[PDB]
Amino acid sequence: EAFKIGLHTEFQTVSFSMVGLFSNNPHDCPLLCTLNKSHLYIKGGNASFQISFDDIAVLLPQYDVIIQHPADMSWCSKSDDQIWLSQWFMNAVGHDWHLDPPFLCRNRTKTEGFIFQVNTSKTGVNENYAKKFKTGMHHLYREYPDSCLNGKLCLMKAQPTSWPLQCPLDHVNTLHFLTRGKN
């Protein structure tokens, strides 16, 4: 890597280790990682979510819990970590609980599993919201692989998952999550 600029001066490099940065701290900091083009991951506390985007409406407004205010998420889960991570994520992406359309989560009394779903579709009357969300995802995920095409249906679902031990550690994502998370 190094080379000589003159005969007395030298070009040199230094690289930081993210393994040491995220291993030698006792603070539970949120991890945001991009495994591939279709699967994103976010860990916080004892909660860990796989985030995916596709046209499947896993939840429907008629049968599942409508979330309009963070407190409403009390019915989504029995683990406070999952509720807190979901609220923090929706805050970081830029969801306005006052003027933006409500989103959906599965009632905790049902046994399919925890999950929440945001429309995100870049079409029709949603196109503004879908843009903002996209922008948020570009801030939270470096090199964010946008999978939601224009004029198409593209619902996002976040569900529990075991953290991929092979996912790259990117601290820029954590920094953006901590900074944007303020409200």
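We number the residues from 1 along the sequence you see.
For the segment pair 133-141 and 25-33, the entry gives 25-33 the higher mean B-factor, averaged over Cα atoms. Remark: residue 80 belongs to the highest third of its chain, ranked by C-alpha B-factor as recorded. Split the chain's modelled residues into thirds by C-alpha temperature factor. Residue 61 is in the lowest one.
Looking at the C-alpha B-factors along this chain, the one for residue 44 belongs to the lowest third.
Per the PDB record, residue ranking by Cα B-factor puts residue 160 in the lowest third of the chain. When the modelled residues of the chain are ordered by their C-alpha B factor, residue 112 lands in the lowest third.
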